[PDB]
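Numbers restart at 1 for each chain; the letters A, B, ... are given by sequence-line order, proteins then strands. Note that these values count all heavy atoms, side chains included, but never hydrogens, waters or copies made by symmetry.
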Amino acid sequence: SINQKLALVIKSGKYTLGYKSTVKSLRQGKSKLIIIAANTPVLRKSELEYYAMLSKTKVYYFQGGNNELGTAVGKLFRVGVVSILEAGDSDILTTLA
Amino acid sequence: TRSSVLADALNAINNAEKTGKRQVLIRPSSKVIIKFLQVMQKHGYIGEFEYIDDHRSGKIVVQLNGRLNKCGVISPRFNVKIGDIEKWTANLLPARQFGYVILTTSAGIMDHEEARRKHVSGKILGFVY
Amino acid sequence: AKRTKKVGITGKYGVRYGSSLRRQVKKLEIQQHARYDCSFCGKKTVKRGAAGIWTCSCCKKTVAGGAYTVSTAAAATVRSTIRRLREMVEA
Amino acid sequence: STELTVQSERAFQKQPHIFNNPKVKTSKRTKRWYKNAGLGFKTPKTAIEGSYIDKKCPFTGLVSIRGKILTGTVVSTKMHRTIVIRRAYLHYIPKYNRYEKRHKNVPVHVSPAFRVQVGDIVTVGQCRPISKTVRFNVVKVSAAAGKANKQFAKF
Amino acid sequence: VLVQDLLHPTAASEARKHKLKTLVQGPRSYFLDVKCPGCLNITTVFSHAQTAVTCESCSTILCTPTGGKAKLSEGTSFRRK
Amino acid sequence: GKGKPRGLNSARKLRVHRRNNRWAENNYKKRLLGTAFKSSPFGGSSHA
Amino acid sequence: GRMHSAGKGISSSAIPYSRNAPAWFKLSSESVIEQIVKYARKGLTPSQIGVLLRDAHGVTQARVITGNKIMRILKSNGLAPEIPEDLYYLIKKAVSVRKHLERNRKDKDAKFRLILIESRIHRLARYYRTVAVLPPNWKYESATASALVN
Amino acid sequence: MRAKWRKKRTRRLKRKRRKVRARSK
RNA sequence: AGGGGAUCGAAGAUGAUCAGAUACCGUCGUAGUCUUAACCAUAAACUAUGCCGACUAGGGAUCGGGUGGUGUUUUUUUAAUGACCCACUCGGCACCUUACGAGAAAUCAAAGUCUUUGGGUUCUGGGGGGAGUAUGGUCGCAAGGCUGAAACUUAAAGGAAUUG
RNA sequence: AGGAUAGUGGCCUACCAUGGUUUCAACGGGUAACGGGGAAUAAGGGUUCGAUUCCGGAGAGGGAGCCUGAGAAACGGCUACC
């Protein structure tokens, strides 16, 4: 049920795809949720978790690799991490999952 | 699938007539069907019939008087030259004094005798006797 | 254009050694020279160095595998069995 | 028509025997012969003010329209100034009192005064032999919609 | 029976038969006005609701979808319209 | 019904079907094969 | 019926003879339209919109309450989808089945159902291309099929 | 004779015919 | 081709029987039977009944879904919910009686609505053999599949019933 | 575009483009095939035949070439080969 929430965010809201822009939004305190692919390297996901704890940001662990996270965000390339900057009429933010 | 609502209507009327019922339901009952029944009703082979309006192409209830021996379509609707009507009537009708072959001409649905009177021809729909 | 009807990669062997041996070799060399998915970085960049050694062109990770395939059916079965035994031991 | 490199051949292209005298000048600065072919077919304005020569055009060339007037569907626009149309018809078999679908392919010359696409309905007029296979020229493109204008893509 | 009024069948005979096979086809479903104790708004619910319906004010479940008619919640009143 | 096409535009199918099925007839097959010309002691003649 | 089965079920809705709004219906047509557009903004398909309108509201038929059908209203309000609803769901089902087949290469029943779903996709796409709902030379290539449904 | 045995013995004969003709070719 | 290989068991080996008996019966026993990865593509693969559609007869069961009953039944005896009963309905596997009808009949609820001959459509047959043979093509590792004659020969072959 | 022709035309030549036909059966093969008007039989629908009294075409042992002439690639004309 996360694929449709993510797709409606992609349709209506604002997001960044990728480690560098995700970390940039985390320091600027613009992210409200980060989705991390399952095959993300553990050092990278630990550092994203640290950044999220410092910025008081929600973390969601996508049950899938970067290939189908990229598929889930309507993309033809691999995305390791997604950051939501402001969700539209989606309930992905208020939903715990 | 349904390919000829006229064929369905005339087969239903034949089956009701052979079983001896004095009424029959026709669905979906197009306007070619209404014209064919009007020809049969003009020549007396059926009684009154009433169209039932649903918003889904309609139905017809036909009262049968027991006078029908056989009504049927000719499929496909062959083109008939003015001189080939006699060939069709010879093949399809039991005698020369009664029975009709129904044509569809540019002047309308009609029986072969009216077609000869108006000197028109067209396509063959069916027959009644 | 299609250059061979059936010999494929074994067209390098010409007419010698027998068609059955060439077919067996064709199957295993196609398997041996295929590119494979990386289980770590998710790219289609895993190639065989030598028998049993499979290296990803990016992320430079090397995994021990089969002689002509990254994973053998026996190794997958063993992985599932070891996971099941581990789960009952830990629970 | 008006554009597309009229003088792109080794030989100079001009309509025969229409002379522009450099001794006296006018507004149009060039004489162009054209005529309407008759039979109620209008000469296109692209033919009227174009620059192509096309000695085989029924409106600006040396050929004339006479004989049969046919209609067909354009099935190929890959030759230079020539198309093939498809004429479908129903052939009667008397023994079975029935018909069978039949078709002929007719190669037709097309003037650069016209713009035709595969699928357009055209009417062609018979002329004298134009090539080994061509005997008909496009005289009007009867594509008010052409069954392609509202069916193709819209960017 | 060889003679019957196909145009005027009895109301019982028409109620006994399938919705598509009556003289003129029509639905056998209806709409309901449903009221919950913990509010005063009236919600209109389909008889074959197919979706768990809540009233506009509070998120109290009024119906549970089933294979046929939707079951109404135990503590709720309804009025057939 | 009846296993044959009755469409007003099915003349080609009806004609080709008859052409195919006439080959099961003895006389049609002999005539179209030229059997008397090829393998008959008399080359299609009454006497020899 | 049952284009790709031997089933012969006749189950369907029987919409009422009356083409006018029910006497007990009070909401305005513009209120129904704005509820429809809110549902569409939430990413709901026209059939889902009709279901929610029928159940939570009293909207018996959108075409009856308004003058237009749900997809017509959405296309007028600019919320028309890239591909039509039913083709979308057919492609999504084919993507699901082929994802399953990748993990299960010996599911020959799944392979059979895949062939049937593909042929249904091609038939419906042929119709949509004929009526120009889809651009010409639109194609289901089955390799980038998941691209069309995300 | 039983039909399936007609078929079997005919098949054996076709094997022998193929063998002798392959020998010739 | 790898794994497996308990059982049964082509081939084979043996004991009987028999005029013979590398048959039936008995004792073993290879391949096979099982599995993985590839082939093959055939069966009395049968309902020996193509598919889609419409109509035409009485009946009671049954499976799945739905509707109704102020029906029974279960912890508390309408007050926390299945099973059962009754009446309908859609869809399905079928069944019983009778054929008004059909058929050569056997029989058939379709194999009816067919000389009162036309709802749409696909495939197949044209006396028996030769013969699913020869040959060519094509698919297959092979076994073989698919496609497929002619010469020649012959007055019946065949179906369903009746009496013996 | 030119040449040739009585003249249009790949009819031929130079340059250029890659076109043209086809399961609505192209192309190939067979014909104990000249085509047609017609003939036989036939309730109707059809089936078979048509070398042959008329019309059109082709040939003059087989090929090719040509003079004369308005008109012939002629054969009761010529030239060459078989």
> Counting heavy atoms not belonging to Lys132(D), are there more than 12 under 6.0 Å from its NZ?
Replying inline: no
> OH of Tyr92(D): more than 12 outside heavy atoms within 6.0 angstrom?
Replying inline: yes
> Going from NZ on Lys101(D) to CG on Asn9(F), what distance comes out if it is rounded to the nearest 0.5 angstrom?
Replying inline: 7.0 Å
> What is the distance from atom CG of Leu14(F) to atom CG of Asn97(D), rounded to the nearest 0.5 Å?
Replying inline: 10.0 Å
>> Just verifying a value: how many Å separate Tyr96(D) OH and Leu8(F) CG, rounded to the nearest 0.5 Å?
In response: 15.0 Å
> CZ/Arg98(D) to CZ/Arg6(F) distance, rounded to the nearest 0.5 angstrom?
Replying inline: 8.5 Å
> Does atom NZ of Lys4(F) have more than 12 heavy-atom neighbours from other groups under 6.0 Å away?
Replying inline: no
> Should we count CG of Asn27(F) as having more than 12 external heavy atoms under 6.0 Å?
Replying inline: no
>> If you apply the rule salt bridge (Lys or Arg N to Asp or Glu O under 4.0 Å), what do you find for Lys13(F) with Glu100(D), and how did you get there?
In response: CA-CA 8 Å; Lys13(F) 184 97 164 209; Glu100(D) 67 189 26; over 6 Å; no
